[PDB]
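See structure below.
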Amino acid sequence: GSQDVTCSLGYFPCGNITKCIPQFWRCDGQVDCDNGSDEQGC
Ligand SMILES: [Ca+2]
């Protein structure tokens with residue numbers, strides 16, 4: 001399959017680091033992410 005990054009069911013990546021985080025912190029308004037990608041348009 002050729003892959004490295006991996007997350008859980010209710011989780012999603014951020015940006016460069018691709019840090020996986022819980023949907024609970026999606027489109028909310030926090031820099032919790034590693035690259036603040038969660039707050040880049042939402
Ligand atoms: Ca967040």
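Quick note on naming: the chains in the structure tokens go A, B, ... in the order shown, residues restart at 1 in each chain, and ligands are numbered from 1 in order of appearance.
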
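Considering only C-alpha atoms and all ligand atoms, every residue of the polymer chains approaching ligand 1 to 9 Å or closer is listed here: residues 21, 22, 23, 24, 25, 26, 27, 28, 29, 30, 31, 32, 33, 36, 37, 38 and 39 of chain A.
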
Got a sec to tell me which of chain A DSSP assigns to strand (DSSP E), as a ChimeraX atom specification? /A:11-12,21-22

Just to be explicit: take each residue in the selection above, keep N, CA and C atoms, and write the result as a PDB file, in the first residue's frame.
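Resulting contents of out-v1.pdb:
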ATOM      1  N   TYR A  11     -10.828  10.678  13.929  1.00  0.00           N
ATOM      2  CA  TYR A  11      -9.671  11.564  13.978  1.00  0.00           C
ATOM      3  C   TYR A  11      -9.255  11.993  12.575  1.00  0.00           C
ATOM      4  N   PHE A  12      -8.610  13.152  12.485  1.00  0.00           N
ATOM      5  CA  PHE A  12      -8.157  13.677  11.202  1.00  0.00           C
ATOM      6  C   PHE A  12      -6.822  14.404  11.352  1.00  0.00           C
ATOM      7  N   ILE A  21      -5.831  14.395  15.023  1.00  0.00           N
ATOM      8  CA  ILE A  21      -6.576  14.934  16.154  1.00  0.00           C
ATOM      9  C   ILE A  21      -8.042  14.518  16.094  1.00  0.00           C
ATOM     10  N   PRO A  22      -8.713  14.547  17.254  1.00  0.00           N
ATOM     11  CA  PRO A  22     -10.128  14.179  17.360  1.00  0.00           C
ATOM     12  C   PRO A  22     -11.044  15.198  16.691  1.00  0.00           C
TER      13      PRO A  22
END

Enter the distance from atom CA of residue 2 of chain A to atom CA of residue 35 of chain A, in Å, rounded to one decimal.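 Distance between the two atoms: 24.4 Å.
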
What does the distance between atom CA of residue 7 of chain A and atom CA of residue 20 of chain A come to in Å, to one decimal place?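 Interatomic distance, atom CA of residue 7 of chain A to atom CA of residue 20 of chain A: 5.6 Å.
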
Which residues are close to residue 4 of chain A, i.e. within 12 Å by only C-alpha atoms, leaving aside same-chain residues fewer than 3 positions away? Reply as a ChimeraX atom specification. /A:1,7,17-18

Write the residues you've just listed into a file as an mmCIF file, in the first residue's frame, and include N, CA, C and O atoms for each of them.
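Final output, selection-v8.cif:
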data_model
loop_
_atom_site.group_PDB
_atom_site.id
_atom_site.type_symbol
_atom_site.label_atom_id
_atom_site.label_comp_id
_atom_site.auth_asym_id
_atom_site.auth_seq_id
_atom_site.Cartn_x
_atom_site.Cartn_y
_atom_site.Cartn_z
ATOM 1 N N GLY A 1 0.806 -1.206 0.000
ATOM 2 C CA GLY A 1 0.000 0.000 0.000
ATOM 3 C C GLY A 1 0.843 1.261 0.000
ATOM 4 O O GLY A 1 0.422 2.297 -0.515
ATOM 5 N N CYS A 7 -4.119 7.372 11.476
ATOM 6 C CA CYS A 7 -4.952 7.960 12.518
ATOM 7 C C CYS A 7 -6.043 6.988 12.957
ATOM 8 O O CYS A 7 -6.027 5.814 12.587
ATOM 9 N N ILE A 17 2.953 18.279 9.745
ATOM 10 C CA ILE A 17 3.181 17.186 10.681
ATOM 11 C C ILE A 17 2.125 16.098 10.525
ATOM 12 O O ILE A 17 2.339 14.949 10.909
ATOM 13 N N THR A 18 0.982 16.469 9.956
ATOM 14 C CA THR A 18 -0.109 15.526 9.746
ATOM 15 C C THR A 18 -0.607 14.959 11.071
ATOM 16 O O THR A 18 -1.220 13.892 11.111
#
